[PDB]
Amino acid sequence: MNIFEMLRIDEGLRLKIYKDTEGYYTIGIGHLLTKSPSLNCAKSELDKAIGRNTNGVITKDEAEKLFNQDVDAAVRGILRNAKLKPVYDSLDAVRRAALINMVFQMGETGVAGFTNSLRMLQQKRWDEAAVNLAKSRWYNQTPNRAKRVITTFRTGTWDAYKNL
Ligand SMILES: *SCC1=CC(C)(C)N(O)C1(C)C
């Protein structure tokens, strides 16, 4: 297991524009195109992301290219963020993956708002952090995925993604 395999499980792979859990047009492995309710807009965003006039359909290689960019972007977003970087630096590589997962899903600003959880993670109070992480819109709206990420922070293992 690693952050790519982890997010491929949590995000899936779809080659045609689809709406994500929040109703927003997305493609590939969780690549958000736009919050606009316009499908033509989503397609315009898609075409400029991949560099060609798509029909709203991409290949697996193109999906993977966007996904690599998006994972890289989440990591660099963590390392540029004054609240997230010290927590990231303090973690082991498995828990680091859990933090990248969260930023991938909700963005740097949303994760940086989890001030209590981030303090408990930095303190390595893992069970307390797991309890606080669940007290969130995040958990309530995507509870199975949040449980997997939370189990990763609690245990520092990949047990929630084993067999998946
Ligand atoms: S992506 C922005 C956009 C796309 C399109 C559907 C052509 N639009 O009318 C606006 C400019 C909203």
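In what follows, the structure referred to is the one given above.
Attention here is on the structure that accompanies the text. (Residues numbered from 1 in each chain as written, not as in the entry; some residues may be left out. Heavy atoms only, no water.)

Here's the deal with the environment of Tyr 161
As for its placement among the helices and strands, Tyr 161 is situated in the segment after α9 (143-155). Counting along the chain gives 60 residues from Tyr 161 to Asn 101, while the straight-line C-alpha distance between them is 13 Å. Among residues more than four places away in sequence, those in contact with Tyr 161 are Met 1, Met 6, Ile 9, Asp 10, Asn 101, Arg 148, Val 149 and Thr 152. One polar contact links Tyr 161 to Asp 10, side chain to side chain, over a distance of 2.6 Å. (Helix = DSSP H or I, 4+ residues; strand = E, 2+ residues; numbered from the N terminus. Contact = heavy atoms within 4.5 Å. Polar contact = N/O pair within 3.5 Å; in protein donor to acceptor, adjacent residues only side chain to side chain.)

Thoughts on the pairing of strand β1 (residues 14-19)
Pairing of β1 with strand β2 (residues 25-28) involves three bridges; the strand directions are antiparallel. Bridged to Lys 19 within β2 is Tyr 25. Where β1 hands over to β2, the hairpin turn is made up of five residues, of which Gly 23 adopts a positive phi near 85°. (Pairing = 2+ DSSP bridges.)

Brief notes about the layout of surface pockets
Unoccupied space between atoms shows up once a probe the size of one water molecule is rolled over them. Roughly 800 Å³ of internal volume is contained in the largest pocket. Lining the largest pocket are 25 residues, with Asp 20, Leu 32, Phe 104, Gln 105 and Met 106 positioned closest to its centre. When contributions to the lining of the largest pocket are tallied by element, the ones reaching two or more residues are α1 (3-11), β3 (31-32), α3 (60-80), α5 (93-112) and α8 (137-141). By residue number, the principal contributor to the lining of the largest pocket is α5, which donates five residues. Here the lining of the largest pocket is built from residues that sort into nine nonpolar, eight polar and eight charged. (1 Å grid on protein atoms, 1.4 Å probe; cavity = no way out; pocket = protein on both sides within 12 Å on 5 of 7 lines; lining within 4 Å. Points joined across faces, edges and corners; volume = space filled by probe spheres on them. Nonpolar A, V, L, I, M, F, W, Y, C, P; charged D, E, K, R; others polar.)

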